[PDB]
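Two separate entries follow, structure 1 and structure 2, each one form of the same protein chain as structure tokens.
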Structure 1
């Protein structure tokens, strides 16, 4: 009787269970949903698949979904972010089937995702079937689904494996990213097992809730091109998520990540924060809090002025690359820090990325620079030395998100706010499942939760911090044209 979950160690379960209980002290949003909905079980019968950093905080999310009645299969959306003790808790209590561990190979990542997406047909002659709902962080669960369908249609056309899957090259001629090569390797394997797999999932698939900015961007592109195959909810852009998680969460988790990976003192150092959006604002605020001299880079004139108003210098990377001490990428873009920028940096300069993917820093070009010399400084920290100048740079966790790679990500309070939106999004998608009609080619769309619910998430966490909310009088409520119980701001308010 072997277990189907693949994790590091099951005996670490008890530590994970005690950390979940401690975290729950601050996660009053998820604690309230469990208290309120565990009897009625609003998600009963739902098969949920999650692709999201399996941390302690996430384990409480999965438990919340379980207590509400869903069967769950889960994996991580990054090779370095899983907390093995959190994973073990879920498996020990039989809360969810898990395919996740810390320090996975890229190939392991894609097999764990595919397995998480695979469901056995219960009492209907066991064969392949998919999930009903998806919890996604970065869009990888959503991508494999879409790329699977695309690969299957292309397969029937010529009745053979599509040429783009087998090849290692791309449209241009350069080497494909390891992430793509492994994803294609898995799709090719599934075409040989069963070429109707991905399209078979669509009939019982009712929606996906996306957690982060980069995943939402991917979802919006598909929506405008009319290629979105399931309804979706943008959890990232809820006020109680983007204004707290992205900003305040990072203020603390970036520092935790830098302290663990970088041995140096952040005070007095020139630290460049590339991108001054919701994540960058938080990164800059924490770095200043500990004495760093932050220097910002931006493409957006509005964001540039905001950094300027907070006392920060705004330069282009090329003018400070030789004097700066530390570089933190928070743009969600690609090739922000190139091999050529890295060759100009000072001795032992530190490079980190807090964006979702490792495309911001050119890690592939760094690792494959002719005659590069690399050494492990500690777990998930590497020093690269160029052969011509003999100068080095220290990269934190191969360009993957530093707060989750070298630390544990955001703390429970802000995660409960993000995850309360997730549960509320999952319920909305599940309760609406009847409107999803697969007959007429009705395009699928991306929507946000109501402001009513967004304020509700905030109300659920006021007691954690001993916040005493003032209440409006009928006259006051009428004077500012709002209901005593809200909402209190118009739909375009920016907080």
Structure 2
């Protein structure tokens, strides 16, 4: 076949893990039971760019049982679970391009391949997906950047110069990711300069999983640059309040335990950013005896951290004394090379944000005279030549829970993924409203509170939760339906 994965012989382990995971993924199990016969997604071509773990394999299985054809890749070079990928290829329910420890070059080739579909009516013609499941916005990015590249290509009838240069606007070296994405774009311009624009015609939407990808979408829609409908899954209550916070509470610890040999108790651990992710990280770290110090730019989030008993400082105030540093900002250049040069001997550094940009990994790796050794797989020790002091970086600054461990557990991933499937169903069912002879610019929407509550209802039995039912008069008293929704749209939970 055409899938590219590490080892098909790992499939049986993957299949058995999926069955065990399904004990807690009650949302996905119910969607399969309810919709596998009617197949609401029949005829949809779905491309997914989302960390391919066992939990993700259950998502793909659900989409498949609902009638979709599927092509998939991971949204990080280190996050794929190879047995999970093998399971999908063995069952033949998706075409997969993913493996743990991809090179950045291979990453962009896998994504591009996941986006490429064969035309059943013409062996020569290529087409794209009808729907995209995205985590971090890379599938959405390559599509929009591809369209922009094709437009610039026609303007001067040549390969745009920005795709051939290794420098950016300010003369600074382009990130490897940008250079590797541009390499793919140049190759596609030479094969067919109408590829990306051609795909737009049959694209009915994208459902985005994480905060960083949603930020990208928000920038696009506020500028009239979003070229397909989008559903923001990150901001469903049953996603952000659970996955982002409670998922990290467990998965950050798992990543640190695997990557960092030291005891966490008693250590000064800096959590940079106290949003939904940072809140969960702090709770987990404190739970095992660490003394958490928070950094924040938001005065409200800073006060919330103080209410939980955490010191709030600017990084420079504590960088020479703290033991471990965890970035959870979704921002860039939060931990610079100059910060690293002042850290104590064998300080640990990790990132849990979507992109590696939070830490200046390139600057560290290219610091003049820096010495590097691999401590264990995906853990590296860097020694500065002047001081002879070392810092230890977990999985090259990539998201540590998925890079050094296996990401969030099945229960919260089922909550996030039940939202994903409902989003895909919504986009597919509404596809006739996508009329590009009338509107070519689109907006981001969220799932209804009714569906959000439904996602929660589907997982109550996993934990033996017994829900109270309102009486008719109580319902009238608080002005709600007995069946919900129970809260106003602006409720913060």
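Shifts are known only where both forms have a C-alpha. We call the rigid core the largest set of C-alpha positions that still match within 1.5 Å between the two forms. Residue numbers count along the first chain shown, from 1.
- Of the residues 323, 156, 170, 126, just one CA atom moves 2 angstroms or more between structures 1 and 2 under rigid-core superposition; it belongs to 126.
- In the rigid-core superposition between structures 1 and 2, residue position residue 442 carries a C-alpha shift of 4.3 Å.
- Aligning the rigid core leaves the CA of residue 198 displaced by 0.2 Å between structures 1 and 2.
- Residues present in both forms were compared between structures 1 and 2 after fitting on the core; consecutive runs of three or more with every C-alpha moved by 2 angstroms or more are 123 to 126, 440 to 443.
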